[PDB]
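Just below is one structure, and these are the notes that go with it.
Order of the sequence lines sets the chain letters (A, B, ...), proteins ahead of strands, with each chain counted from 1. Side-chain atoms are counted along with the backbone in the values below, which use heavy atoms only and exclude waters and symmetry mates.
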Amino acid sequence: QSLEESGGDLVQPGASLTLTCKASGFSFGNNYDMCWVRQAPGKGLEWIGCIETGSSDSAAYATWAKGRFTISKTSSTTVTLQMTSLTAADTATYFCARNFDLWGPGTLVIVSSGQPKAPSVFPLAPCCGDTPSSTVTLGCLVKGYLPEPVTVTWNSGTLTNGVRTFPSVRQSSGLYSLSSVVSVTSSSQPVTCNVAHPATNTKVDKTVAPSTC
Amino acid sequence: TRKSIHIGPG
Amino acid sequence: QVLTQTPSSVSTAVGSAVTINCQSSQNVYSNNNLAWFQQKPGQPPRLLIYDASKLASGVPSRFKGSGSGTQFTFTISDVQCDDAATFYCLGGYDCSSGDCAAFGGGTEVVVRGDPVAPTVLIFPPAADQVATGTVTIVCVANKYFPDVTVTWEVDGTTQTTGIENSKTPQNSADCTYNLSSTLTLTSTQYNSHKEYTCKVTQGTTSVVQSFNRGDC
Ligand SMILES: [Ca+2]
Ligand SMILES: [Ca+2]
Ligand SMILES: [Ca+2]
């Protein structure tokens with residue numbers, strides 16, 4: 001039994017947007033309190049509202065949300081959150097939950113008039129002259145993107161251990177940057193980082209080789 | 001009628 | 001309904017016990033509709049305690065809640081590196097006299113484990129970078145505790161601008177951090193200097209990594 005939210009997107013101020021919470025391994029024909037909770041980047045959890053899927057079928061909202069957002073049960077396995085008149089104050093990750101016990105991984109909403117920009121990807125490798133042996137740490141710098149997020153994998157997700165992907169930072173240009181590095185038994189794998197940026201529909205691969213000489 | 005929010009097992 | 005959570009942050013040792021408080025502007029529903037959550041970065045909240053003091057199924061018994069009415073506390077016994085997270089209280093209220101629910105503002109819990117000195121890596125800009133007009137040099141400090149400070153030097157001169165730092169969450173096994181520090185310059189600036197140095201300092205001991213521009 002699990003939940004998944006979808007519909008997160010970049011939208012302009014004033015827009016409307018509908019998110020969906022999909023149930024798996026159970027159905028809304030039984031009695032639950034299905035609720036939406038949001039979290040602005042770096043901030044705390046905030047309750048939005050709930051719908052009961054049993055008798056009474058009561059919808060209730062936080063005072064701030066009441067009249068601007070709706071929550072409704074749209075099938076035996078889907079609940080929606082409809083949002084209107086969005087502003088920057090509504091930028092957040094949106095979670096749905098069953099009795100505040102089962103939670104989805106969340107879906108990201110960004111409200112901004114900024115135009116998307118795809119990342120540049122550059123390889124990271126020790127200087128030509130760095131001595132042996134045994135291990136080597138390689139990486140990719142992902143630079144100048146907007147808005148968040150990007151996702152980074154290595155060898156299409158088959159390289160998993162020894163990977164550190166740092167949290168992004170919003171640079172002085174206004175654009176985001178992060179790095180991902182991976183430790184690999186030296187002079188072996190040519191490794192490839194796969195960088196995806198959903199807002200621009202782009203995915204870039206960059207193969208990094210240890211520095212020989 | 002709804003009294004509150006429900007938290008945890010039902 | 002306002003649920004005031006204190007403290008906003010606390011640092012505590014592995015093996016200690018640690019306590020968080022939540023105070024409500026009005027009684028919660030039935031005097032006990034109150035729950036506690038743990039949240040790690042990038043993850044959804046996880047229910048730990050509900051009905052003020054009942055343990056959610058599968059949650060370790062070193063987690064304990066108590067209280068009633070408007071005053072509640074939450075205590076972790078035998079704190080572990082795995083506990084390092086942000087914790088939240090949530091109140092459920094009488095829907096007929098106000099809003100049905102309110103979250104407290106959260107408590108960030110930092111856990112102090114055994115000290116570990118960092119190893120350090122410096123990465124010169126890929127050749128493709130200089131063409132763009134700006135150049136970003138990357139320094140990484142691996143697997144360390146407690147916190148470090150980073151100093152950038154260009155031909156001996158300490159840099160005071162163009163620097164950004166990003167730190168990972170604490171390792172669930174040993175409490176360690178990792179850090180990336182980046183120095184950003186124009187290509188013109190980069191091309192007019194030789195030695196690029198990243199110095200990572202923990203207490204009075206530093207690890208220093210450098211390269212020369214024309215050597216890479
Ligand atoms: Ca709230
Ligand atoms: Ca309402
Ligand atoms: Ca405080």
Side-chain angles (χ1 to χ4, degrees), chain A residues 1 3 21 31-39 43-53 58 60-62 93-104 106, chain B residues 2-10, chain C residues 1-8 18-40 43-77 83 85-95 97-109:
Chain A
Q1 55 292 12
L3 295 168
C21 173
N31 318 322
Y32 304 113
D33 216 345
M34 298 304 300
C35 307
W36 285 91
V37 171
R38 75 180 179 184
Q39 179 167 48
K43 303 313 183 182
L45 297 173
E46 183 177 44
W47 178 59
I48 300 170
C50 298
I51 180 93
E52 287 183 314
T53 63
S58 165
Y61 303 89
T93 300
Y94 286 71
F95 297 100
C96 72
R98 183 185 85 181
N99 296 351
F100 294 95
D101 174 25
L102 222 205
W103 296 73
Chain B
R2 170 195 290 275
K3 307 299 166 48
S4 191
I5 52 163
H6 187 85
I7 306 175
Chain C
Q1 5 305 289
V2 175
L3 236 201
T4 300
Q5 183 171 342
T6 60
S8 74
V18 65
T19 302
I20 295 175
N21 190 80
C22 275
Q23 172 83 28
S24 184
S25 63
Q26 76 190 239
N27 292 75
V28 296
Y29 185 75
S30 308
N31 290 319
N32 72 342
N33 199 14
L34 187 292
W36 296 89
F37 296 83
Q38 181 188 41
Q39 184 186 32
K40 292 189 171 180
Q43 299 241 272
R46 172 199 185 198
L47 179 63
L48 300 175
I49 306 283
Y50 64 97
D51 284 358
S53 62
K54 296 168 188 146
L55 245 201
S57 185
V59 175
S61 60
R62 52 197 189 80
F63 292 118
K64 160 177 50 93
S66 69
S68 178
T70 63
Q71 301 159 99
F72 304 88
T73 64
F74 167 83
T75 292
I76 303 178
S77 289
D83 299 333
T86 305
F87 296 80
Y88 295 91
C89 64
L90 166 72
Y93 296 91
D94 189 316
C95 294
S97 66
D99 279 15
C100 292
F103 279 101
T107 302
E108 301 184 357
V109 175

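Nearest approach of C:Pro44 to A:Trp103, heavy atoms of both residues: CB-CB, 3.7 Å. Across all non-hydrogen atoms, the minimal contact from A:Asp33 to B:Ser4 is OD2-O, 4.3 Å. Closest approach of C:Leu3 and C:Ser24 over heavy atoms only: CD2-CB, 3.7 Å.
We find the CZ-CH2 distance between C:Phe63 and C:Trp36 to be 12.5 Å, quoted to the nearest 0.5 Å. To the nearest 0.5 Å, atoms OG1 (C:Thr73) and NZ (C:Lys64) are separated by 7.0 Å. With rounding to the nearest 0.5 Å, the separation of CG in C:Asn31 from CG in C:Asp51 is 12.0 Å. The CD atom of A:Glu46 sits 7.5 Å away from atom CD1 of A:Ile48, with the distance rounded to the nearest 0.5 Å. Expressed to the nearest 0.5 Å, how far CD of A:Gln39 lies from OH of C:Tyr88 amounts to 4.5 Å. A distance of 11.5 Å separates CD in C:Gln71 from CG in C:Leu34, rounded to the nearest 0.5 Å.
Here the side chain of C:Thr86 pairs no donor or acceptor atom with the backbone of C:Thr107 at under 3.5 angstrom. Under the 3.5 Å distance criterion, the side-chain polar atoms of C:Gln38 are left unmatched by any main-chain donor or acceptor of C:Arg46. A donor-acceptor pair under 3.5 Å is absent between the side-chain atoms of C:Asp94 and the main chain of C:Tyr29, judged by distance alone. Counting only distance, with no hydrogens or angles, the side chain of C:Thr70 and the backbone of C:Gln23 share no donor-acceptor pair below 3.5 Å.
Counting heavy atoms from C-beta outward, C:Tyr93 and C:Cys100 have side chains that stay 4.5 Å or more apart. Proximity of C:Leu90 to B:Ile5: side-chain heavy atoms (C-beta onward) are separated by under 4.5 Å at one or more points. Two residues are said to be in side-chain contact when any heavy atoms from C-beta on lie closer than 4.5 Å; C:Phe87 and C:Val109 meet this criterion. Side-chain contact check for C:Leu47 versus B:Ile7: some heavy-atom pair is nearer than 4.5 Å. With contacts defined as side-chain heavy-atom distances shorter than 4.5 Å, the pair C:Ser30/B:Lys3 does not qualify. Between C:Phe72 and C:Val28, the closest side-chain pair of non-hydrogen atoms falls below 4.5 Å. Looking only at side-chain heavy atoms (C-beta outward), A:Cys21 and A:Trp36 come within less than 4.5 Å of each other.
Taken together, the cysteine pair A:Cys35 and A:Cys50 places its SG atoms within less than 2.5 Å of each other.
Side-chain N/O atoms of C:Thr19 and C:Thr75 include a donor and acceptor closer than 3.5 Å.
By the salt bridge (charged side-chain N to carboxylate O under 4.0 Å, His left out) test, C:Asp83 pairs with C:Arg62, sequence neighbours left out. A:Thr53 meets the side-chain contact (heavy atoms from CB on, under 4.5 Å) test with A:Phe28, A:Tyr32, A:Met34, A:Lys73; sequence neighbours excluded. Here C:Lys40 pairs with C:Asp82 under the side chain to side chain donor-acceptor pair (under 3.5 Å) rule; sequence neighbours left out.
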Apply side-chain contact (heavy atoms from CB on, under 4.5 Å) to the pair A:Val37 and C:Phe103, showing each step before the final yes or no.
CA-CA 10 Å; A:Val37 171; C:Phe103 279 101; 3.9 Å; yes

